[PDB]
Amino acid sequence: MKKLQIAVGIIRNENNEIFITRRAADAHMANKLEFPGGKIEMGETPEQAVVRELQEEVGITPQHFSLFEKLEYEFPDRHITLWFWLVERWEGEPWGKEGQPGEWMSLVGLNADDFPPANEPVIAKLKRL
């Protein structure tokens, strides 16, 4: 099956809220809440991918970020490796730059059922910060 490397950014403000977008109805993991991110392209690193993806999707440049979690998940029709970067400093103000819904969500109120199942251990670990 398809095998993908995905870089996503956990965008956390000083009020313990995370900037979360909602995936399109015709996408893989349609209508799910998500950390902004996307496919790591040939010739770019995981760190470069999370910067580019957040610039494209929500209009911020992450800086001084860290790898929060790396995990693999087997979906029904594809295998993905997810790189979860914790982003606590950035240039810009995140918004729905690609026309997608985005909003700040309290960390304590996140419901892992709203996200792709691959995010389950990450959402749990975030709540223990």
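Just count from 1 along the sequence shown to find any residue number.
Comparing the deposited coordinates for 107-115 and 5-13, the stretch with the larger average C-alpha B-factor is 107-115.
If you average the C-alpha B-factors over 47-55 and over 91-99, the higher value belongs to 91-99. Among 82, 86, 33, 27, the highest C-alpha B-factor in the deposited entry belongs to 27. For residue 76, the recorded CA B-factor ranks within the middle third of the chain. Only modelled residues enter the ranking.
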